[PDB]
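What follows is one structure encoded as C-alpha cells, with my remarks underneath.
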Amino acid sequence: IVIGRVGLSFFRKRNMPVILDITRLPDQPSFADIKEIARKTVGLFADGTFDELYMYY
Amino acid sequence: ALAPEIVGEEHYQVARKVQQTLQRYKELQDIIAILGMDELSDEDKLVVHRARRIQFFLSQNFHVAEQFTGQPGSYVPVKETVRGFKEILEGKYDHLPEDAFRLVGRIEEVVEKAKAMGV
Amino acid sequence: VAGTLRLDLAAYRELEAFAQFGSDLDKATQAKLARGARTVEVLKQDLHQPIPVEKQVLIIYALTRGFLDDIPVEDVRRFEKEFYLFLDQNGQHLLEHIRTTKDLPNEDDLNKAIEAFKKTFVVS
Amino acid sequence: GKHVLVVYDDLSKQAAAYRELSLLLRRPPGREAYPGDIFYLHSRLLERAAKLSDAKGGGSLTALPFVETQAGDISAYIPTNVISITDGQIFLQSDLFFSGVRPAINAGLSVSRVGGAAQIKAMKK
Amino acid sequence: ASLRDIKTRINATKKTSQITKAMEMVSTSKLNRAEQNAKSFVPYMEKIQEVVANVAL
Amino acid sequence: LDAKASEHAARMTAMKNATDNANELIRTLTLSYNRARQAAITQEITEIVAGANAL
C-alpha cells in the first residue's frame, strides 16, 4: 500500500503488486483525508487477506 | 506598418498577444531545463502548451521548397492567418498534437493532418 | 505621491519570484504583489497621448491610496480613461487647484470625488 | 565532357599559407591578421566547379572542400566564409562521435542546397 | 565559450537561483506549520495510548 | 504527520543547497566573462594598431 505518486511510479516501473494508493494529499492533511485509506488498510488485516503490517516512513 | 490604424484593431491585438506569449515562453525555458515541467504553475503550463503550438504554426510549406520538403507549397491570406492564430490563442485546438502544426498553411490543414495521424 | 509609488514598485520587483506560490495563498505579502501588478498596469501609456501633470498626480494618488485595490488588473487602463473623462466633467475645481497652487487638493474632497466616480464605474 | 571529383583536404591550411605570404609581402592585415581578400581566394577557387550545359559538352566537376574547426565552433571567421560559398555542408561532432553514432553527422546543422534533384526517384520517394 | 554564451548562462543561473530561494522560504513556512500540526495531535494520541494500555493488557 | 514534516524539512534543505551552488556558479561564470571581455578588447585594439602602422 503506497502513499505518494513517486513511490507509485517506482513500484509500477519495478512491476510490484500494489493494491492501494491515494496519490493526492494536501500539504497539511487532516484526519478525514486519510480516514478511508486507513480504514481499508486496517480492515484488510481482519479480512484475512494478509496477516502482517509493516510501514516505512 | 504594425499599427492599429493600418492593419486593424483585431490584427494588432492578435499579433501583440502572440508576441507576449512567445516572450513569456522564452523566459520559462531556463527554469524548465533545470527544475522540470512539473514544478510550473498551471498558468505557466498552459503558456508552454499554447506557445509550442503557436511556434509550430508559424511554419509554412513554400512552393519553391518542394525539393526540400517533398510536398507542394501553400498560400495563406492574411484574414485566414489572423483567424487561425486567434483560435489557437483562444484554445480551440488544445487537444491537437503539436506535431500536426508543422509546415501546413491554413488551420484546417492542421485538423486534416491530425486526422490522418489518427487523432 | 512619487515616494510611495517608488516604494511599491521596488517592493514588487523584489517579490516577483513569489508570484507562482501565491496561487494557494501561502502568506499575507500578496497585497504587495497585487499593488505592484496594479502599479505596472498604471504606468503603461499609448502612443502620442501625453497626460497633463494634474491628471497624472490624481491617478497616482488614487493608486497609492488604495482606491484601485478592488479593481481587477485587467480593468485598470479603462478605469484610468474613464476617470480622466469623469475628471474633465466634474473635477474641474480639483484640476484648477492643482494647476494654480502646484499642491494636492483637500484629501476629503479628493476621496469624495474618487468614490463618486468609483460607484459609477462598471467592472468588466 | 568527362566527370571529375576533386577533394581539397584542408582549405584552412592554404588560408594560413596565404596569410603568411601576404604578411611577408608587407600587405596590411585585417581580421585575425588575415588579408582582405581571404574570401575572394576561396570563392575564386570554388566557383570553377560546375555542371556544364549541353552546348558546352555536358561535363561536370564537383568539389569536396575541407575545413577544420576549433572546439566545434562552426561560427568562426574562415568556417563561415567557406559555408557562405558552397552548396551545403556536412558537420561532424565529437560529442556525437563518442556517444556511439558514426559517421556522426549532425542533421540539424547539416544541409544540402541541391537536395531532391540530386537523388534517385525511389530514394526521393 | 563566447561572451553571448557566458551571458546567457549567467542570466539563466540567476533566474534559477531566485526560484530556488523562493522555494526554500515557502518550504520553511510549511515546515513550521507542519510542526505545529504535529504538536496539535499529541493529546489524542496520549489518551488513546493510555486507554489501550489499560484495557488490552 | 511525521512524514509530512520530514518532507518539508528535506525540501527546505535541498533548495538551500541548490541556491548556494547556483550563487557559486554565478560568481565563477562572471569571473570568466570579465576575463573574456578584457581579452577581446585587447585583441581588437592590437589588430587596429597593427593595421594602422602597417601603412
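Protein chains in written order, with the authors' numbering: chain X, 116 to 172; chain S, 353 to 471; chain B, 378 to 501; chain P, 253 to 377; chain F, 2 to 58; chain Z, 230 to 284.
In this text, a Cβ means the ideal position worked out from N, Cα and C, and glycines have one as well.
Partner residues in a beta bridge of S/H415, as assigned by DSSP, do not exist. At a Cβ-Cβ threshold of 7 Å, B/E457 and B/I491 do not count as neighbours. Ranked by Cα distance from Z/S235, the first of F/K8, F/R34 and F/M46 is F/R34. Per the coordinates, the alpha-carbon of P/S295 lies some 47 Å from the alpha-carbon of S/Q365. DSSP, reduced to helix, strand and coil, places F/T17 within a helical segment of the structure shown. Put simply, the CB of S/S411 is far from chain B, with every gap to its CB atoms at 7 Å or more. Within the stretch 387-401 of chain S, the residues whose Cβ lies closer than 9 Å to any Cβ of chain F are, in chain order, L387 and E391.
Per DSSP, X/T156 is one residue of the alpha helix (DSSP H) stretching across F146 to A161. Minimum Cα-Cα distance from P/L316 among the listed residues P/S351, P/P287 and P/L298 corresponds to P/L298. Interface residue (Cβ-Cβ distance to chain X less than 7 Å): Z/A232 is classified as such. Contact between the stretch 407-427 of chain S and the stretch 443-461 of chain S is present: three or more C-beta pairs spanning the two stretches fall below 8 Å. For F/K48, there are no neighbours in chain Z by C-beta distance under 8 Å, as the nearest C-beta there is about 16 Å away. In this structure, the beta-carbon distance from F/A23 to B/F395 falls below 7 Å. In the pairwise beta carbon analysis, the stretch 356-371 of chain S is classified as not touching the stretch 140-160 of chain X: fewer than three pairs are separated by under 8 Å.
Closest in alpha carbon position to P/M375, among S/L392, S/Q419, S/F408 and S/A466, is S/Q419. One thing to note: P/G311 has its Cβ no nearer than 7 Å to the Cβ of P/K373. Taking a beta-carbon distance threshold of 7 Å, F/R34 counts as an interface residue toward chain X. P/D289 sits in coil when the DSSP states are folded into three classes, being neither helix nor strand.
Membership of P/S312 in any alpha helix (DSSP H) is not indicated; the residue belongs instead to the beta strand (DSSP E) covering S312 to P317.
Under the 7 Å criterion on CB atoms, X/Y171 is classed as non-interfacial with respect to chain Z.
In the three-state DSSP reduction, P/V258 falls in the strand class (E or B). Proximity of the stretch 366-378 of chain S to the stretch 433-447 of chain S meets the contact definition, three or more beta-carbon pairs being nearer than 8 Å.
Straight-line measurement puts the Cα of B/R442 at about 9 Å from the Cα of B/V378.
Not one beta carbon of chain P lies nearer than 7 Å to the beta carbon of S/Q423. For the stretch 269-283 of chain Z, the set of positions with a beta-carbon nearer than 8 Å to some beta-carbon of chain P reads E276, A279, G280 and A283 in chain order.
Between P/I330 and P/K265, the alpha-carbon positions lie close to 11 Å from each other. In the three-state reduction of the DSSP assignment, S/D394 falls in the helix class. Residue environment analysis places Z/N246 among the exposed positions, since fewer than 16 neighbouring C-beta atoms fall within 10 angstroms of its C-beta. Sequence-distant partners of S/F414 (beyond 5 residues in either direction) whose C-beta falls short of 7 Å from its own C-beta, in its chain, are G425.
Short of 8 Å from the beta carbon of B/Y389, and not among the five residues preceding or following it, lie these beta carbons of its own chain, in chain order: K409, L410, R412, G413, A414, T416 and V417. Listed in chain order, the beta strand (DSSP E) elements of length 3 or more contained wholly in the stretch 299-373 of chain P are 312-317.
Per the coordinates, the alpha-carbon of P/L313 lies some 5 Å from the alpha-carbon of P/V256. C-alpha of P/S346 to C-alpha of S/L387: approximately 28 Å in a straight line. In the three-state scheme derived from DSSP, where H, G and I count as helix and E and B as strand, B/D423 is classed as coil.
Between the stretch 35-48 of chain F and the stretch 259-277 of chain Z there are fewer than three inter-stretch CB-CB distances shorter than 8 Å, so the stretches are not counted as touching. Ranked by Cα distance from B/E484, the first of B/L402, B/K421 and B/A439 is B/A439.
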